[PDB]
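Two forms, one protein chain; structure tokens for each follow separately as structure 1 and structure 2.
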Structure 1
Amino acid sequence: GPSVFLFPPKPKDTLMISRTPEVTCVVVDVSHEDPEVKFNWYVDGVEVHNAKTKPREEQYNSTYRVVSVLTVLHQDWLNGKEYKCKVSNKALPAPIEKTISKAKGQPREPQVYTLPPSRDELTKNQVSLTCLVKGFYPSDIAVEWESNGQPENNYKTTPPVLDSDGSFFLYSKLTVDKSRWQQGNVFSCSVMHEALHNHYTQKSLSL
């Protein structure tokens, strides 16, 4: 019979009040002999009716796939409200329900530290600028780099790593020409996390 998958919003969409987070309920392996699908949505057990269901789409394996999208409020998601998607179909002996929420647990604010290149690296043509983000909970987080009101995109960030105290840390590495570093430009590590003030902070790095 059919299977249901319930997907959370994109993490950045939950941390920027200007964006619109949504949860996505996908049903797959709907058959042609029973193609009719009913979604019901609940927020903390209270049925809501503002979801937007897309029309069925036949797949190449002779099944149907159908998606319903529920917009969630910025504050509702961060305050831990629970979103339940119930999918009903004439082939199911009982409806299928799935519930999802923001990662649970007491929040912990990141500490953000920028580290200049190692003295041994200063001999190369490019240098690594390092941003350590530690002590945060939950692990949902975004990191980017900027300089002079422009995105610096030659960077990579590690996944969050579970630290010994139950919080998370990561590192972000930005690679720049040694000349840019020596000329004194200011680089900034930008971090978005639920437990920061306005879910945002910035730390800068320069010679």
Structure 2
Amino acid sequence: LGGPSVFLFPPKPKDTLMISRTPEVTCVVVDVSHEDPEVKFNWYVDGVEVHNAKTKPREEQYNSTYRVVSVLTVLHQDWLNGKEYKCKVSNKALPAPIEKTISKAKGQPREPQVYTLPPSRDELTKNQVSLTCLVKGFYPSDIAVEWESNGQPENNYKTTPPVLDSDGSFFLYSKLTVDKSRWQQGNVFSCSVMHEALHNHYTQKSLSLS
């Protein structure tokens, strides 16, 4: 016992922002029983049925239920224009098909402002210091943030989740931890942001000892 359940996952924020990448919506059905293992997917874009999804064969799990995945490739401009993607899942153990819908959050997009903040005077008594990137005033909350210096990725960073601000836009901070020496030697560090409301879906802000 335990009827099937459906989870619908959006594309990754970077994937809709760059045409070289492949944005996808993923419809996952879990807890499919052995007695009723047949699963049917119907896909709709703004209520209109589409037939180009790629559905995988069911995969039995170690708890003896089946998991079935259907992947719908989306056009970047369709996602950014706010189309609604509906996954309809039909199983003979279900009273009625299960429907899940996903889209970009509704609202007018807002351009992020990106500000770099150097380490506090207090922190420069430690061996590692904190380079901060503040990204505020953006909408919707889908965004990507990265760090680099001299063209190469800096991996020792963490980014807060987006946070709803009091004007209804979002903000976040990204913290990059570097060895104090590197900051003191005047290296330039770069915070880069990918968001739909930026020109070319991209901006960069630099930060160095001055």
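We call the rigid core the largest set of C-alpha positions that still match within 1.5 Å between the two forms. Residue numbering: structure 1 sequence, from 1.
Asks: With the core superposed, find the residue in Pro107, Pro95, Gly80, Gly135 that moves its CA 2 Å or more between structures 1 and 2.
Replies: The only residue crossing the 2 Å threshold is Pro95.
Asks: Look at the chain as two rigid parts and give the angle between structures 1 and 2 through which the smaller one rotates, in °.
Replies: Comparing the two forms, the minor rigid body swings through 10 degrees.
Asks: Align on the rigid core first, then pass along the CA displacement of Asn61 between structures 1 and 2 in angstrom.
Replies: Core-aligned C-alpha shift comes out at 4.1 Å.
Asks: Could you check how much the CA of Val30 shifts between structures 1 and 2 after a rigid core fit, in angstrom?
Replies: Comparing the two forms, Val30 shifts 3.3 Å at C-alpha.
Asks: Cα shift of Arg19 between structures 1 and 2 after core superposition, in Å?
Replies: On core superposition, this C-alpha lies 0.5 Å from its counterpart.
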